[PDB]
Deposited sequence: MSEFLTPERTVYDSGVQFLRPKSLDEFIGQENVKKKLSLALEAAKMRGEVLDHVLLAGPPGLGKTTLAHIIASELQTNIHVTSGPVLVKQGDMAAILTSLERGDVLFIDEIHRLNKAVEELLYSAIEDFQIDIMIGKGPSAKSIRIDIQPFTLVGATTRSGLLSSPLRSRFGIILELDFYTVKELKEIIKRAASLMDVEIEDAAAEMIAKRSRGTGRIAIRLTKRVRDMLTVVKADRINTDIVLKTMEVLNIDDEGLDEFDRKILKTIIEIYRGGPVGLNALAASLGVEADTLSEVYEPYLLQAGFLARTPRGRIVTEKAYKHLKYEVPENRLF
């Protein structure tokens, strides 16, 4: 269900125009595209854009991630398999250990490594937050693209596109409802569309309407604000256990039984954006909107 070209990519206007300028120019001159850093919460299309970059350049893409490359030998094998103009896609690039990291940095300064010459290539890194990378490495990317949450309108377009490919009809009103509950994320909108499609199948309807969407949301436990089970657990934990905050990230993560990253990089971004949560020097706090939405008496 992923697009194959920038022209097929819906949303992320700021990112597309910047990337398109560099991409088209590099192609016209037959030059190797400058290194690109994609940053933003999960499900926004960073991986999708990385593949588009290689396809537009008509080169090969090599997918990997920091957590995987633990020993220099692993990084070496990849770099040496790169053909001129190829794209080296490193997801979770900020998770590269000193060893492999130093090796990669070296290959991008003169395309050559020692425990071996490397073919000119384009490093495309992806991270949940650009600030997570070390000062040195980040200074190597000539193109930094910060993805933002999609607007309801863009999500609706994505939802309509997804439905079309799944051989299912959907009413604008229904598409709008799903978009409003997609937490600004394209991946979520598409997955909710697949689930709503299942409801259409079971109820034997001719097209997706608001009724069908509502029924699906009830089954998936997604509220009118698009919040899921865990989103509500985060807010309720702060409200009940920490009296609304402030509560530190490490303390909140331990109470929830999840890694700190899952909160700050995966769930918190939308909660902050939508005004359910706020960050202070002393820690996270819930807003009046969170109390109201979850029906907790405003203290």
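No C-alpha positions are given for the deposited-sequence stretches 1 to 18, 134 to 145, 330 to 334.
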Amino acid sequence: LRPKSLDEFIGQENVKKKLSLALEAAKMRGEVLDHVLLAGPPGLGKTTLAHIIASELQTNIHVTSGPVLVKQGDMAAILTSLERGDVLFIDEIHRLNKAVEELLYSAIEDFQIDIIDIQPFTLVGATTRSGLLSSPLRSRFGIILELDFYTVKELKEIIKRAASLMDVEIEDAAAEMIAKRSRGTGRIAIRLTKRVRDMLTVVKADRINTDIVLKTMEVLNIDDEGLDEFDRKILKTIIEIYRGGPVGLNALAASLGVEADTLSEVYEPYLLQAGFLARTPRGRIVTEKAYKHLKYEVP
From here on, numbers count along this sequence of modelled residues.
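Across the two stretches, 247 to 255 and 52 to 60, the PDB entry reports the greater mean Cα temperature factor for 52 to 60.
Once the C-alpha B-factors are averaged per stretch, 135 to 143 and 151 to 159 rank with 135 to 143 first. Across the residues 78, 196, 126, 222, the deposited record lists the maximum Cα B factor for 78.
Of the candidates 208, 217, 96, 90, it is 96 whose Cα B-factor is highest according to the PDB record.
Sort the chain's modelled residues by C-alpha temperature factor and residue 231 lands in the lowest third, per the entry. Compared with the other modelled residues of the chain, the Cα B-factor recorded for residue 182 ranks in the lowest third. Sort the modelled residues of the chain by CA B factor and residue 46 lands in the lowest third. Compared with the other modelled residues of the chain, the Cα B-factor recorded for residue 273 ranks in the middle third. Residue 28: CA B factor in the highest third of modelled residues in this chain (values from the PDB entry).
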